[PDB]
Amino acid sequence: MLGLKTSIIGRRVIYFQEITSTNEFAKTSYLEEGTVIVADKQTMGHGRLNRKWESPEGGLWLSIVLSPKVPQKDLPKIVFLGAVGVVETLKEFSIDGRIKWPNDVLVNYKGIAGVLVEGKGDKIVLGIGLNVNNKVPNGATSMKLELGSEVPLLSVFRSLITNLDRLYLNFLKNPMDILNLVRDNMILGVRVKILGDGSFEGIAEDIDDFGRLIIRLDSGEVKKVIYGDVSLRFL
């Protein structure tokens, strides 16, 4: 009854009034590529390192099952597909979303969405949490808070799915194309702190041909950051 016209993402959609986590359900269940798992609310939503992700009613909490036929070295770019898709949807609604490497989308430096990719061989789960009409943690923001009015949740869903399908199809043909889109929508030219085994500060200059964040430390030393066990903090 939804009338989706996408090629892969959205071929099937499983909706839940409530769920523990769409990412956990997607990883665990036997599902076809392109299947979207969406819930009004999550009781155990999570971010990276099982950090908690608040998922109250009013937001868009979903996961997409993918089985990308691309070299193993390109799978780390899947997170960017989600981030860019969210940015394009926000722009369609006249909201200036910007990417905080490598998985977050901010509006005026306030978190409005997050992307979590979990992979297991031939199966990749692309999870996306976007604040629309829901209440949010202090510091975060939402489409409703940004626009000053409630936003039809289903319209945002249709927008995002349409964007993701297109981005995904192009990624399968040209895995590198997504990097240019990230670059054009990412927060760069500012000082950031990288937190992992220890930490260092520098200017976030750009992302390289592998999607690694390039940081120039005050000494002039250049570091290439691989996302995985590190987080980014703005100064």
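One rule holds for the numbers: they count along the sequence shown, beginning at 1.
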Practice problem: Would you tell me which stretch averages the higher CA B-factor in the PDB entry, 19 to 27 or 219 to 227? | Solution: 219 to 227
Quiz item: Do the C-alpha atoms of 56 to 64 or of 202 to 210 have the higher average B factor in the entry?
Solution: 202 to 210
Exercise. Compare the CA B factors listed in the entry for 194, 37, 187, 167 and report the winner.
Key: 194
Practice problem: Report the third (lowest, middle or highest) to which the CA temperature factor of residue 114 belongs, ranking only the modelled residues of the same chain. | Solution: lowest
Quiz item: Mind checking which third residue 121 falls in for C-alpha B-factor across the chain?
Solution: highest
Quiz item: Hey, what third does residue 102 fall into on Cα B-factor, ranked over its chain?
Solution: middle
Self-check item: Cα B factor band for residue 1 (lowest, middle or highest third within the chain)
Solution: middle
Exercise. Could you tell me which third, lowest, middle or highest, the C-alpha B-factor of residue 77 occupies within its chain?
Key: middle
